[PDB]
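Taking it in order: structure first as structure tokens, then the write-up.
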Ligand SMILES: [Mn+2]
Ligand SMILES: [Mn+2]
Ligand SMILES: [Mn+2]
Ligand SMILES: [Mn+2]
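Chains as they are written, first to last, in this note's numbering: chain W, 243 to 570; chain G, 243 to 570; chain A, 2 to 327; chain Y, 243 to 570.
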């Protein structure tokens, strides 16, 4: 991968986020998703890569754009691409917290080619966190005890994040019984997982079941930021098992570590759509100095150098014109 | 009011927030409320005021502490006090957004003496916003057209905030049908209303029905920040109408403007408990330079001077002990 | 001291900074100093203390004089004062100009004459007494500081003032491998920077005013760190001042506890941008109109609580700026 | 110019800034300059451009690297390049304020090919400022009266920045006489001119004489941020006139508008070396999640889009190792 594509990825997530923000709070999940997909595809085809979508909007039969296997880019180094044009379509439609646009790139085969199934996840931040600090087969209590010891705090200081779902009741109960503080997000476990390794997020541990593509994207970010994560694909019927087999996955109970989900040279980029526990959302700003503009907040990182860049971008815009001029 | 009480009010809201934070994500709404009430009462009794609670936890037969009429303070200038020890008890218990501790002070009779009933609210920020820019008897569409013209933006740029409740469905649809973006909060319409006059909140208008004491608190802050707000009390049974009558209110459909809710010299102080659209919440911080500490984020403001102060406070704490050492 | 006075102090420094700022870059050192003094005295007299100025603008010509009684009535406090640390700074619009107030219980501050003072300072709550000492070599001081901070010598940033009298310090610190950065003026800011987050300054070594050293020590006692100071006597009459104040060990080395002891409150507000605080700025907004923004810090040694205050003060900049004077 | 080169320019300025920072406060302006030159040339040759140095380190007879005319880059779109490996070598050697590293790119002929001579400069920020607001032949007083009118402030509110030099005494005296506030910098009139269009700089106007290539670099930035500037080359001896003639300039008293200094599509990038009135300098940071790193603060901007990006970058480093490891 050319060093240039890292910083080019942030332009993609910025344009996707502005498109999504034009649909924020319009109550149309589909329109928000479509605005993001359009902008991200358009932006991607200007990046100097020979890219193949390995995680994206879905299979070609269900997704006309950014489908698994689609070729993207203007030509260049060959890369596998893990996309989320809009992480949080419902989030964005309701103006909720933790909506992001996400783009990750790897050398060929770098990402777990994961099906659209659920995935158990446990994640903690810290560059010094050793392999095995978290393990899905151990109890919540033991994982949290090891994490508290590694961070040098009493159990009661720990903030565990999980999604507000019935499937997480037991997690929430056990964590709380062993003394930790457990906070709940409505949607957005990409942001929720990455927040374990984000400065001043207030979140120490993520534990929960969510989308498998979302789990891989989070693992790419954690590979760059430092931390440990374990994941395990869940299968509820024969159709899901068939998706797995179609993507080359046959060990259905495998526990994946970070290196199994995203390996080698990884670039991760994200932009906030709404305010979240990882990134701030797009905002309209006035000024006589430069006129009105939209502000976006992004992060781009790469696993080889561990360099992390936080980017605040000012995009000229006349808010007397309709906001949907931010689309494509 | 002596100028000193303004800055002493932030110490009160800070201690209340740290006590509340020790209960964040513990799933105990009652214990979070009680930690906040205890810390706020203890800190209030060290403020050099002759204070009378006019907005508080409730009536004495239902609230043992910080009840309507309670005398508080170490002695000094006479003030009416509007309190919210924890705005967002459920929020705090679940670690959701927009939880605050709030303390406002006025000269005697400065706050609307309303019963604890629902209140229709409409609020916009801006020092130059004229009286009448918002009116509860006009349609959502006409209010929003006037706001869009005053702010100099297309209707689609406006971000209207309201709570995610069935009672707001009509508002949601109409705003969206006229072209605006409408974002939903799960709770905390104090922060929701104050966000309209808060820099970089990304919220332009609040329209919703919520608690009347919360409406008064938000109006006090807006009196200091600059903005317009109209309220109308709602009565759902004969006992609530009786409450109004015993307090001297017979015009049940009265539209209160910002000056009717909070008049004269007003001091307003608030500290974040969780991250919200007005203030950031408490965080645990490490440093070799000063050791570990909790950071609080507060605001204090005064209507006479319009001076606004944003306070970031570092409170030393050894997080090897239990977090509940932050309780008073 | 009541907890109330801590937060009242910051209002004092903010008002002094706004009045100083009205005179920033006007090339009138005297007018700056007078605007600052007027604002600070008027604000101090509304604070509920029986205050006594023990360190201030020492010559009456330069009205917050040694021994003056200030305050509206309350607990007895000694007041260590600088209405404007950097009169020349503010008048030139140079870096590191501050307004500063420290308070202690009676006798808490060193009673030092208006003489020069050798200083060495480092930040860090865990730094032990003896990490810095004015009789050890610059080299050995820096070796201990590098070890304490866990960095290579070459990473250390030493701050001193750009004066001939610091040539030897500068040479030796660079000889041993450290980076040495120079400030035009403002060794209050320069010393406190050693314990300020993101200042980029690890150590201060230099000679400056004794009052400024006491003020910096008061802040370091709240922020965490170590400092040593020694008074310098060039004239017979400076020695006589010292004798008049009960000092006969002229070569005494003062640790921080000797400079500022007991319960200490320290407050400062930036006038110009510097290595500890940001300076006052003019801001526009449709939302609240125009305002001046001040950046302040207030801290207390007993609790170690530190508050950073960003304050927005309404102002019509179509009117002359000197309406910010008291 | 491809959109990718904009964000690639920042990597160049960041690497030059890190290398300069390793020499900060070492009292060796030659060594600081050489570290910056080496790092900038090595980073530039990885940028996908066909570049020609029009403003650089010097003429080939005096500068072996980054000399006027040198071809640089890895190959790509053709660009003229205006370089300052280290703006403020003496600054950086003393750890003084306002040192920057600077890289700007334009379409061919975009920059004034300026000789190494002094240049009178006057500059003001603001997208609405009209050509003629500043003019070197009007008095300081009349320039300042127009700028006060344009900004809507009393003359006493204005802050004029200039360098502390004898040649500027008349400026300083007249500006103070007409009522403005005049703040002085020891060095760094690239930063000082750009500060006029930087948010919260506190600097309204820059007036003074400095390096001509520095004037062109600042003009490039102002063309992206919005502002007006006028410049005039001045000549002290025959050698300096010859420097002008060698570059095709015989109209020695020409006044250059901002469009004469930098025109067309311009990308401008800069990174702080030391804290200054436009950018913060490099800092050493410790973290209990990421380890130690150096933080750089950069900006990159483009005149066609007016997009401005503020970039905070975290560069992994073990500070137990010698700081000279930042020289690449
Ligand atoms: Mn998606
Ligand atoms: Mn409450
Ligand atoms: Mn002084
Ligand atoms: Mn240079």
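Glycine included, C-beta positions come from ideal geometry on N, C-alpha and C.
Spatial distance of residue i from residue j (CA atoms)
i              : j              : result
residue 511(G) : residue 553(G) : 10 Å
residue 308(W) : residue 485(W) : 18 Å
residue 423(G) : residue 272(W) : 15 Å
residue 98(A)  : residue 385(Y) : 29 Å
residue 541(W) : residue 252(W) : 7 Å
residue 502(W) : residue 254(W) : 26 Å
residue 533(W) : residue 372(Y) : 15 Å
residue 268(Y) : residue 566(Y) : 12 Å
residue 419(Y) : residue 409(Y) : 17 Å
Range covered by the alpha helix (DSSP H) that runs through residue i
i              : result
residue 234(A) : Note, residue 234(A): premise wrong, no alpha helix (DSSP H); not H, not E.
residue 282(W) : 271-286
Option nearest residue i by Cα separation, candidates the options
i              : options                           : result
residue 335(W) : 263(W), 394(W) and 502(W)         : 263(W)
residue 354(G) : 454(G), 449(G) and 532(G)         : 454(G)
residue 515(G) : 328(G), 361(G) and 542(G)         : 328(G)
residue 451(Y) : 412(Y), 302(Y), 489(Y) and 285(Y) : 412(Y)
residue 403(Y) : 564(Y), 426(Y) and 519(Y)         : 426(Y)
residue 140(A) : 114(A), 172(A) and 120(A)         : 172(A)
residue 446(Y) : 477(Y), 417(Y) and 326(Y)         : 417(Y)
residue 249(Y) : 563(Y), 285(Y) and 276(Y)         : 285(Y)
residue 185(G) : 106(A), 87(A) and 305(A)          : For residue 185(G) there is no data in the structure shown, the boundaries of chain G being 243 and 570.
residue 331(G) : 432(G), 505(G) and 289(G)         : 432(G)
residue 435(G) : 367(G), 531(G) and 279(G)         : 367(G)
residue 218(A) : 194(A), 101(A) and 257(A)         : 257(A)
Residue i at chain G interface by Cβ criterion, 9 Å
i              : result
residue 566(W) : yes
residue 387(W) : no
residue 42(A)  : no
residue 271(W) : no
Beta strand (DSSP E) segment containing residue i, residue limits
i              : result
residue 405(W) : 401-405
residue 424(G) : 423-427
residue 452(W) : 447-453
residue 542(G) : 535-544
Residues that residue i contacts on chain B, provided the C-beta gap is smaller than 7 Å
i              : result
residue 528(Y) : Considering every chain present, this structure includes no chain B. Its protein chains are W, G, A and Y.
Below-9 Å beta-carbon distance, residue i vs any chain Y residue
i              : result
residue 171(A) : yes
residue 180(A) : yes
residue 287(W) : no
residue 94(A)  : yes
residue 107(A) : no
Buried or exposed by the 16-neighbour rule on C-beta atoms within 10 Å, applied to residue i
i              : result
residue 570(W) : exposed
residue 465(W) : buried
residue 185(A) : buried
residue 310(W) : buried
residue 551(W) : buried
CB contact below 9 Å: residue i versus chain A
i              : result
residue 449(G) : no
residue 439(G) : yes
residue 365(Y) : no
Residue i at chain W interface by Cβ criterion, 9 Å
i              : result
residue 244(Y) : yes
residue 290(Y) : yes
residue 547(Y) : yes
residue 557(Y) : yes
residue 533(Y) : yes
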